[PDB]
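In: got a sequence here, can you build the structure:
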Amino acid sequence: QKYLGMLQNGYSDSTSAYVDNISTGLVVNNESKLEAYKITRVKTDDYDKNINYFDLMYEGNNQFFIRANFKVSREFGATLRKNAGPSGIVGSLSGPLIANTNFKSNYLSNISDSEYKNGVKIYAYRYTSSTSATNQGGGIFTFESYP
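Out: Residues are numbered from 1 along each chain as shown. Coordinates below:
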């Protein structure tokens with residue numbers, strides 16, 4: 001147990017595939033691999049993800065931002081382009097809203113499998129109000145789906 005975190009041999013499927021040495025598996029619909037999968041991402045003033053909900057993942061029809069933890073941000077957020085670059089709301093964080101599995105963070109298809117396998121997409125703005133943008137970290141992302 002002191003090597004790998006937790007592999008889902010009939011355990012909970014809350015993603016949790018996180019800092020490198022946590023062997024964790026998941027299988028969902030819309031890309032061709034059963035995933036013993038890993039995430040090794042670092043962003044600013046951060047250790048692994050911070051503020052709950054920050055990765056790239058794999059449920060929906062496209063390649064998109066994680067549903068990392070069980071609380072859902074209905075927040076209509078502005079996920080803009082690559083590291084520390086503001087270019088406008090390409091990602092309009094909104095529905096769908098469901099949870100309990102690896103799910104979609106408002107279909108950020110624009111951030112794709114190339115930015116998933118050794119990605120850069122923990123960067124994100126948070127909005128308290130309808131236009132109050134705050135930057136709390138952003139940097140390297142990493143993922144690897146495997147047998």
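
In: how far away is residue 3 from residue 40?
Out: 15 Å (CB to CB, to the nearest Å). (Each C-beta comes from the backbone N, C-alpha and C, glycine too.)

In: I meant to write residue 17 there.
Out: Residue 17 is 10 Å from residue 40, by CB to CB.

In: the more surrounded of those two?
Out: residue 17 (28 against 17; other CB atoms under 10 Å).

In: got the contact list for the residue sitting nearest the centre point of the chain?
Out: Geometric centre of the chain, nearest residue: residue 55, 2.1 Å, by CA atoms, centre = their mean. Neighbouring residues of residue 55 by CB atoms under 8 Å, 6 or more residues apart in numbering: 15, 39, 41, 49, 65-66, 68, 121-122, 141, 143.

In: tell me, how many residues neighbour the closest residue to it other than its chain neighbours?
Out: Leaving aside its chain neighbours, residue 55 sits nearest to residue 66 (3.6 Å; criterion: CB to CB, 6 or more residues apart in numbering). Residues near residue 66, counting by other CB under 10 Å, number 26.

In: hang on, residue 66 packs against residue 54?
Out: Yes: with contact defined as CB atoms under 8 Å, residue 66 reaches residue 54; the gap is 7.1 Å.
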